[PDB]
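Q: Below is input_22.pdb; it holds PDB, C-alpha atoms.
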```
ATOM      1  CA  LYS Q  17      10.157  12.272 -14.699  1.00  0.00           C
ATOM      2  CA  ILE Q  18       8.838   8.787 -13.833  1.00  0.00           C
ATOM      3  CA  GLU Q  19      11.735   6.362 -13.964  1.00  0.00           C
ATOM      4  CA  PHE Q  20      10.378   2.981 -12.907  1.00  0.00           C
ATOM      5  CA  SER Q  21       8.272   0.018 -14.161  1.00  0.00           C
ATOM      6  CA  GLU Q  22       7.560  -2.931 -11.869  1.00  0.00           C
ATOM      7  CA  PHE Q  23       9.177  -3.559  -8.536  1.00  0.00           C
ATOM      8  CA  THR Q  24       8.387  -5.586  -5.474  1.00  0.00           C
ATOM      9  CA  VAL Q  25       8.484  -4.720  -1.789  1.00  0.00           C
ATOM     10  CA  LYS Q  26       7.705  -6.512   1.480  1.00  0.00           C
ATOM     11  CA  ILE Q  27       4.669  -5.170   3.325  1.00  0.00           C
ATOM     12  CA  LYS Q  28       4.025  -5.812   7.048  1.00  0.00           C
ATOM     13  CA  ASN Q  29       0.740  -5.396   8.854  1.00  0.00           C
ATOM     14  CA  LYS Q  30      -0.467  -5.153  12.418  1.00  0.00           C
ATOM     15  CA  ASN Q  31      -1.763  -8.542  13.502  1.00  0.00           C
ATOM     16  CA  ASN Q  32      -4.949  -9.045  15.558  1.00  0.00           C
ATOM     17  CA  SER Q  33      -2.628  -8.711  18.594  1.00  0.00           C
ATOM     18  CA  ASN Q  34      -1.789  -5.256  17.149  1.00  0.00           C
ATOM     19  CA  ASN Q  35       1.799  -6.157  16.254  1.00  0.00           C
ATOM     20  CA  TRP Q  36       3.514  -5.537  12.917  1.00  0.00           C
ATOM     21  CA  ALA Q  37       3.777  -9.044  11.362  1.00  0.00           C
ATOM     22  CA  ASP Q  38       5.371  -9.797   7.922  1.00  0.00           C
ATOM     23  CA  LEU Q  39       2.448 -10.274   5.456  1.00  0.00           C
ATOM     24  CA  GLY Q  40       3.828 -10.678   1.934  1.00  0.00           C
ATOM     25  CA  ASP Q  41       5.061  -9.047  -1.263  1.00  0.00           C
ATOM     26  CA  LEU Q  42       3.595  -5.861  -2.716  1.00  0.00           C
ATOM     27  CA  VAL Q  43       4.176  -5.824  -6.431  1.00  0.00           C
ATOM     28  CA  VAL Q  44       4.197  -2.227  -7.606  1.00  0.00           C
ATOM     29  CA  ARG Q  45       3.691  -1.491 -11.307  1.00  0.00           C
ATOM     30  CA  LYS Q  46       3.346   1.380 -13.743  1.00  0.00           C
ATOM     31  CA  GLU Q  47       0.686   1.267 -16.501  1.00  0.00           C
ATOM     32  CA  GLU Q  48      -0.284   3.712 -19.193  1.00  0.00           C
ATOM     33  CA  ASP Q  49      -2.857   5.205 -16.894  1.00  0.00           C
ATOM     34  CA  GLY Q  50      -1.865   5.360 -13.278  1.00  0.00           C
ATOM     35  CA  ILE Q  51      -0.553   2.476 -11.192  1.00  0.00           C
ATOM     36  CA  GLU Q  52      -1.633  -1.048 -10.180  1.00  0.00           C
ATOM     37  CA  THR Q  53      -0.479  -2.654  -6.960  1.00  0.00           C
ATOM     38  CA  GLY Q  54      -0.858  -6.356  -6.201  1.00  0.00           C
ATOM     39  CA  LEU Q  55      -0.517  -8.520  -3.127  1.00  0.00           C
ATOM     40  CA  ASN Q  56       1.275 -11.910  -3.040  1.00  0.00           C
ATOM     41  CA  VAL Q  57       1.447 -14.000   0.172  1.00  0.00           C
ATOM     42  CA  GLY Q  58       2.933 -17.547  -0.078  1.00  0.00           C
ATOM     43  CA  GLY Q  67      -0.778 -18.544  -1.678  1.00  0.00           C
ATOM     44  CA  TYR Q  68      -2.814 -15.405  -2.451  1.00  0.00           C
ATOM     45  CA  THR Q  69      -2.309 -13.144  -5.536  1.00  0.00           C
ATOM     46  CA  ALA Q  70      -4.639 -10.269  -6.368  1.00  0.00           C
ATOM     47  CA  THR Q  71      -4.765  -6.562  -7.214  1.00  0.00           C
ATOM     48  CA  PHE Q  72      -4.146  -4.617  -4.013  1.00  0.00           C
ATOM     49  CA  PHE Q  73      -5.337  -1.209  -5.020  1.00  0.00           C
ATOM     50  CA  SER Q  74      -4.849   0.855  -8.147  1.00  0.00           C
ATOM     51  CA  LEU Q  75      -4.562   4.436  -9.131  1.00  0.00           C
ATOM     52  CA  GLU Q  76      -5.149   6.838 -12.049  1.00  0.00           C
ATOM     53  CA  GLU Q  77      -2.532   9.019 -13.651  1.00  0.00           C
ATOM     54  CA  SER Q  78      -3.528  12.287 -11.967  1.00  0.00           C
ATOM     55  CA  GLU Q  79      -2.849  10.732  -8.583  1.00  0.00           C
ATOM     56  CA  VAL Q  80       0.551   9.221  -9.591  1.00  0.00           C
ATOM     57  CA  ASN Q  81       2.621  12.139  -8.288  1.00  0.00           C
ATOM     58  CA  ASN Q  82       0.639  12.282  -5.069  1.00  0.00           C
ATOM     59  CA  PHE Q  83       1.378   8.596  -4.668  1.00  0.00           C
ATOM     60  CA  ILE Q  84       5.140   8.967  -5.284  1.00  0.00           C
ATOM     61  CA  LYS Q  85       5.158  11.780  -2.662  1.00  0.00           C
ATOM     62  CA  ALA Q  86       2.994   9.971  -0.132  1.00  0.00           C
ATOM     63  CA  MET Q  87       4.965   6.704  -0.554  1.00  0.00           C
ATOM     64  CA  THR Q  88       8.301   8.465   0.069  1.00  0.00           C
ATOM     65  CA  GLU Q  89       7.432  11.391   2.276  1.00  0.00           C
ATOM     66  CA  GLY Q  90       3.959  10.932   3.527  1.00  0.00           C
ATOM     67  CA  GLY Q  91       0.937  12.585   2.118  1.00  0.00           C
ATOM     68  CA  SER Q  92      -2.088  11.021   0.598  1.00  0.00           C
ATOM     69  CA  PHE Q  93      -3.289   9.865  -2.813  1.00  0.00           C
ATOM     70  CA  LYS Q  94      -6.608   8.726  -4.253  1.00  0.00           C
ATOM     71  CA  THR Q  95      -6.980   5.121  -5.427  1.00  0.00           C
ATOM     72  CA  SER Q  96      -9.270   4.456  -8.368  1.00  0.00           C
ATOM     73  CA  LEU Q  97     -10.069   1.063  -6.801  1.00  0.00           C
ATOM     74  CA  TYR Q  98      -8.934  -0.547  -3.534  1.00  0.00           C
ATOM     75  CA  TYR Q  99      -9.347  -4.239  -2.568  1.00  0.00           C
ATOM     76  CA  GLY Q 100      -6.962  -4.892   0.318  1.00  0.00           C
ATOM     77  CA  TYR Q 101      -6.303  -8.159   2.084  1.00  0.00           C
ATOM     78  CA  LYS Q 102      -8.935 -10.876   2.691  1.00  0.00           C
ATOM     79  CA  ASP Q 103      -9.823  -9.448   6.160  1.00  0.00           C
ATOM     80  CA  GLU Q 104     -11.184  -6.354   4.636  1.00  0.00           C
ATOM     81  CA  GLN Q 105     -14.686  -5.502   3.675  1.00  0.00           C
ATOM     82  CA  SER Q 106     -13.280  -4.043   0.426  1.00  0.00           C
ATOM     83  CA  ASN Q 107     -11.691  -7.303  -0.530  1.00  0.00           C
ATOM     84  CA  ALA Q 108     -15.082  -8.694  -1.657  1.00  0.00           C
ATOM     85  CA  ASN Q 109     -15.880  -6.076  -4.343  1.00  0.00           C
ATOM     86  CA  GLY Q 110     -13.524  -3.151  -3.652  1.00  0.00           C
ATOM     87  CA  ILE Q 111     -14.259   0.537  -3.394  1.00  0.00           C
ATOM     88  CA  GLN Q 112     -13.534   3.275  -5.798  1.00  0.00           C
ATOM     89  CA  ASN Q 113     -11.899   6.590  -5.004  1.00  0.00           C
ATOM     90  CA  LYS Q 114     -10.379   5.653  -1.657  1.00  0.00           C
ATOM     91  CA  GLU Q 115      -7.936   8.132  -0.150  1.00  0.00           C
ATOM     92  CA  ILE Q 116      -4.936   6.441   1.306  1.00  0.00           C
ATOM     93  CA  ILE Q 117      -3.140   8.566   3.912  1.00  0.00           C
ATOM     94  CA  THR Q 118       0.480   7.715   4.803  1.00  0.00           C
ATOM     95  CA  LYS Q 119       2.812   8.805   7.555  1.00  0.00           C
ATOM     96  CA  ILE Q 120       6.234   7.632   8.727  1.00  0.00           C
ATOM     97  CA  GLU Q 121       7.060   5.582  11.804  1.00  0.00           C
ATOM     98  CA  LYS Q 122      10.164   4.028  13.279  1.00  0.00           C
ATOM     99  CA  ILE Q 123       9.804   0.253  13.852  1.00  0.00           C
ATOM    100  CA  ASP Q 124      13.309  -0.446  15.206  1.00  0.00           C
ATOM    101  CA  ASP Q 125      14.762   3.018  14.801  1.00  0.00           C
ATOM    102  CA  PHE Q 126      14.258   1.890  11.135  1.00  0.00           C
ATOM    103  CA  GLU Q 127      11.661   4.014   9.345  1.00  0.00           C
ATOM    104  CA  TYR Q 128       8.454   2.680   7.746  1.00  0.00           C
ATOM    105  CA  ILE Q 129       5.677   4.218   5.691  1.00  0.00           C
ATOM    106  CA  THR Q 130       2.515   3.220   7.454  1.00  0.00           C
ATOM    107  CA  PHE Q 131      -1.093   3.636   6.207  1.00  0.00           C
ATOM    108  CA  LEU Q 132      -4.647   2.341   6.970  1.00  0.00           C
ATOM    109  CA  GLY Q 133      -6.885  -0.038   5.018  1.00  0.00           C
ATOM    110  CA  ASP Q 134     -10.561  -0.832   5.420  1.00  0.00           C
ATOM    111  CA  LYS Q 135     -13.075  -1.807   8.087  1.00  0.00           C
ATOM    112  CA  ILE Q 136     -12.802  -5.472   8.965  1.00  0.00           C
ATOM    113  CA  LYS Q 137     -15.691  -7.828   8.336  1.00  0.00           C
ATOM    114  CA  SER Q 139     -15.294  -5.568  13.677  1.00  0.00           C
ATOM    115  CA  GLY Q 140     -16.670  -2.015  13.578  1.00  0.00           C
ATOM    116  CA  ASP Q 141     -13.441  -0.012  13.258  1.00  0.00           C
ATOM    117  CA  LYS Q 142     -10.606  -2.561  13.418  1.00  0.00           C
ATOM    118  CA  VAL Q 143      -9.174  -0.840  10.341  1.00  0.00           C
ATOM    119  CA  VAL Q 144      -6.026  -2.623   9.327  1.00  0.00           C
ATOM    120  CA  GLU Q 145      -2.669  -0.807   9.120  1.00  0.00           C
ATOM    121  CA  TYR Q 146       0.170  -1.691   6.741  1.00  0.00           C
ATOM    122  CA  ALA Q 147       3.892  -0.895   6.734  1.00  0.00           C
ATOM    123  CA  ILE Q 148       6.544  -1.046   4.117  1.00  0.00           C
ATOM    124  CA  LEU Q 149      10.167  -0.200   4.859  1.00  0.00           C
ATOM    125  CA  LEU Q 150      10.634   3.440   3.766  1.00  0.00           C
ATOM    126  CA  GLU Q 151      13.956   2.743   2.159  1.00  0.00           C
ATOM    127  CA  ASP Q 152      12.611   0.228  -0.329  1.00  0.00           C
ATOM    128  CA  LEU Q 153       9.914   2.567  -1.620  1.00  0.00           C
ATOM    129  CA  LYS Q 154      12.429   5.345  -1.559  1.00  0.00           C
ATOM    130  CA  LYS Q 155      14.879   3.405  -3.811  1.00  0.00           C
ATOM    131  CA  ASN Q 156      12.290   2.471  -6.480  1.00  0.00           C
ATOM    132  CA  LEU Q 157      10.031   5.525  -6.341  1.00  0.00           C
ATOM    133  CA  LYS Q 158      13.017   7.831  -6.297  1.00  0.00           C
TER
END
```
Kindly return the structure encoded in the file as structure tokens.
A:
Amino acid sequence: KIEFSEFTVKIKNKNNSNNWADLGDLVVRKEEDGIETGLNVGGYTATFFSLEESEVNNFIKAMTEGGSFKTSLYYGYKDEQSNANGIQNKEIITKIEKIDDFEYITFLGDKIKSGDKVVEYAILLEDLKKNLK
């Protein structure tokens, strides 16, 4: 069923001016149990979030159609509260958006070390489509 191993995708994110700015690479990878994502930005390298097996299919769906999946441990980018120590069992919820009549999966992150100011991220739908499918 599950055809892939490690791949890498660009990931944008709304900037403090609320404007999708190119952020870095999202290294996606498959491990015996679940999935581990990692964020590289030319630098910063770290685990982004990760996932257990039972949420793998919900991930593949969410990351190509839009749904939601449950991370076993989310860290996010350095802005985010969660970056310090992470949180377990975080539900990511994705939907699709056009950026330039070019579709993007687009999901939220974590409160910013602000009161809501939750960060949003976007990856080009096609890229996830072509590795997750």
Q: Which one of Q:111, Q:27, Q:136, Q:84 sits closest to residue Q:157 if you count all atoms listed in the file?
A: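 Looking at the shortest contact to residue Q:157, the residue is Q:84.
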Q: Which residue is closest to residue Q:39? Choose from Q:102, Q:77, Q:120, Q:20 and count all atoms listed in the file.
A: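 The closest residue to residue Q:39 is Q:102.
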Q: Starting from 5 Å padding per side, set up an axis-aligned box that covers all listed atoms of stretch 106-115 of chain Q and hand over centre and edge lengths in Å, one decimal, as lines of an AutoDock Vina configuration file.
A:
```
center_x = -11.9
center_y = -0.3
center_z = -2.7
size_x = 17.9
size_y = 26.8
size_z = 16.2
```
Q: Could you name the residues that touch residue Q:145 at 7 Å or less, counting all atoms listed in the file, but leaving out those on the same chain fewer than 5 positions away, as a PyMOL selection string?
A: chain Q and resi 29-30+130-133
Q: Convert the output of the PyMOL selection byres ((chain Q and resi 40-43) around 12) on the shown file into explicit residues, formatted as an mmCIF file with C-alpha atoms, in the frame of the given file.
A:
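Generated file (expr11.cif):
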```
data_model
loop_
_atom_site.group_PDB
_atom_site.id
_atom_site.type_symbol
_atom_site.label_atom_id
_atom_site.label_comp_id
_atom_site.auth_asym_id
_atom_site.auth_seq_id
_atom_site.Cartn_x
_atom_site.Cartn_y
_atom_site.Cartn_z
ATOM 1 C CA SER Q 21 8.272 0.018 -14.161
ATOM 2 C CA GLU Q 22 7.560 -2.931 -11.869
ATOM 3 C CA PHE Q 23 9.177 -3.559 -8.536
ATOM 4 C CA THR Q 24 8.387 -5.586 -5.474
ATOM 5 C CA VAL Q 25 8.484 -4.720 -1.789
ATOM 6 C CA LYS Q 26 7.705 -6.512 1.480
ATOM 7 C CA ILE Q 27 4.669 -5.170 3.325
ATOM 8 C CA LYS Q 28 4.025 -5.812 7.048
ATOM 9 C CA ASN Q 29 0.740 -5.396 8.854
ATOM 10 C CA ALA Q 37 3.777 -9.044 11.362
ATOM 11 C CA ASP Q 38 5.371 -9.797 7.922
ATOM 12 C CA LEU Q 39 2.448 -10.274 5.456
ATOM 13 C CA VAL Q 44 4.197 -2.227 -7.606
ATOM 14 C CA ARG Q 45 3.691 -1.491 -11.307
ATOM 15 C CA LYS Q 46 3.346 1.380 -13.743
ATOM 16 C CA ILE Q 51 -0.553 2.476 -11.192
ATOM 17 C CA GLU Q 52 -1.633 -1.048 -10.180
ATOM 18 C CA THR Q 53 -0.479 -2.654 -6.960
ATOM 19 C CA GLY Q 54 -0.858 -6.356 -6.201
ATOM 20 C CA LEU Q 55 -0.517 -8.520 -3.127
ATOM 21 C CA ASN Q 56 1.275 -11.910 -3.040
ATOM 22 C CA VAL Q 57 1.447 -14.000 0.172
ATOM 23 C CA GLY Q 58 2.933 -17.547 -0.078
ATOM 24 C CA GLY Q 67 -0.778 -18.544 -1.678
ATOM 25 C CA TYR Q 68 -2.814 -15.405 -2.451
ATOM 26 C CA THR Q 69 -2.309 -13.144 -5.536
ATOM 27 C CA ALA Q 70 -4.639 -10.269 -6.368
ATOM 28 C CA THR Q 71 -4.765 -6.562 -7.214
ATOM 29 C CA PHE Q 72 -4.146 -4.617 -4.013
ATOM 30 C CA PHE Q 73 -5.337 -1.209 -5.020
ATOM 31 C CA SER Q 74 -4.849 0.855 -8.147
ATOM 32 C CA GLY Q 100 -6.962 -4.892 0.318
ATOM 33 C CA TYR Q 101 -6.303 -8.159 2.084
ATOM 34 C CA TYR Q 146 0.170 -1.691 6.741
ATOM 35 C CA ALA Q 147 3.892 -0.895 6.734
ATOM 36 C CA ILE Q 148 6.544 -1.046 4.117
ATOM 37 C CA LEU Q 149 10.167 -0.200 4.859
ATOM 38 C CA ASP Q 152 12.611 0.228 -0.329
ATOM 39 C CA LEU Q 153 9.914 2.567 -1.620
ATOM 40 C CA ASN Q 156 12.290 2.471 -6.480
#
```
